[PDB]
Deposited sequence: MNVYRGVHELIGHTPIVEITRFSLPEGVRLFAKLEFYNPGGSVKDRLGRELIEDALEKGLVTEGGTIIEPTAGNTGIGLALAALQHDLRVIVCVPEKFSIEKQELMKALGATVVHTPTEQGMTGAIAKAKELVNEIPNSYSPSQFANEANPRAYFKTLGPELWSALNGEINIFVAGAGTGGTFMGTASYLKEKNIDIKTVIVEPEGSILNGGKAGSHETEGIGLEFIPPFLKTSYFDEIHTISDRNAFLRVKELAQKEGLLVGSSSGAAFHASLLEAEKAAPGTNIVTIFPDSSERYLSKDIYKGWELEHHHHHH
């Protein structure tokens, strides 16, 4: 019975597609990991899911317990979904005027939203969270690091998915940076499997190699991907793609390039 036991099971195992319609040099291949296939539309889901499961495994909280978050951080809807999976109440502390859309999203997903003062910002949100853990049994509140910037999730899931799908046939890894980037932990995982994997970080105009990509070039790649591969992606993917093409140019035969497309059009 090939069925998903809940939406949380739809996190990860995102598609990898080979790019075959860009005239790359002999022996050169290129693969794009479509992280926008996550339920919330981004790779962030992976981090939210991981936040919950690590908190459990380490016994920081248990099923039926409560999760109190400083803001939604970079958890996508993965924290909400993994919380459902484990009968965990979600409470998000958030300064009143901060990220309104995300407040509505979290309410729609059943989380309780509490407002901290608008001027105390992130600091005040963390303040309320720690109080509530000191009022609630079976309670846990992640650090800002855990909530926003932890690479462990991608080390444990995204990395291994790439290695597996490609039978360890990987030479160059290319991904966007940032807390919202993928590079975190994925590049570390790949280096552990093979130190000869060239890790390439993609910087927007806002590791073995770094490529700084203009918005203009990312936009051009967005359009080309749509026209030639029918891949409707966002500017971050375009940027990653441009960076990947920079590598494929000077690649020798037998080179396999893997990049992450984090955003849809």
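- Annotation: deposited residues 207-235, 295-315 are not represented by C-alpha coordinates in the model.
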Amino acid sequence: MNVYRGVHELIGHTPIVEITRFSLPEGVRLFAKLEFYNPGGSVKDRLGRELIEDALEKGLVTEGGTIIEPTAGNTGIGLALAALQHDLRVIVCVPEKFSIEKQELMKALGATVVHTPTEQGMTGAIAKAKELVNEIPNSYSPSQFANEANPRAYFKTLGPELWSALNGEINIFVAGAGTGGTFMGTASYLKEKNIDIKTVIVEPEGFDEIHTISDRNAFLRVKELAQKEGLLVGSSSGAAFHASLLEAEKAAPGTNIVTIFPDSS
From here on, numbers count along this sequence of modelled residues.
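- The mean C-alpha temperature factor is higher for 241-249 when 241-249 and 9-17 are set side by side.
- For the segment pair 164-172 and 107-115, the entry gives 164-172 the higher mean B-factor, averaged over Cα atoms.
- The top Cα temperature factor in the record, among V233, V202, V43, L56, falls on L56.
- Between the residues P151, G159, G124, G76, it is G124 that shows the highest Cα B-factor in the PDB record.
- Among all modelled residues in its chain, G178 ranks in the highest third by Cα B-factor.
- Ranked against the other modelled residues of its chain, the C-alpha B-factor of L30 as given in the entry falls in the middle third.
- Among the modelled residues of the chain, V61 sits in the highest third by CA temperature factor in this PDB entry.
- Among all modelled residues in its chain, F219 ranks in the middle third by Cα B-factor.
- The PDB entry assigns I195 a C-alpha temperature factor belonging to the highest third of its chain's modelled residues.
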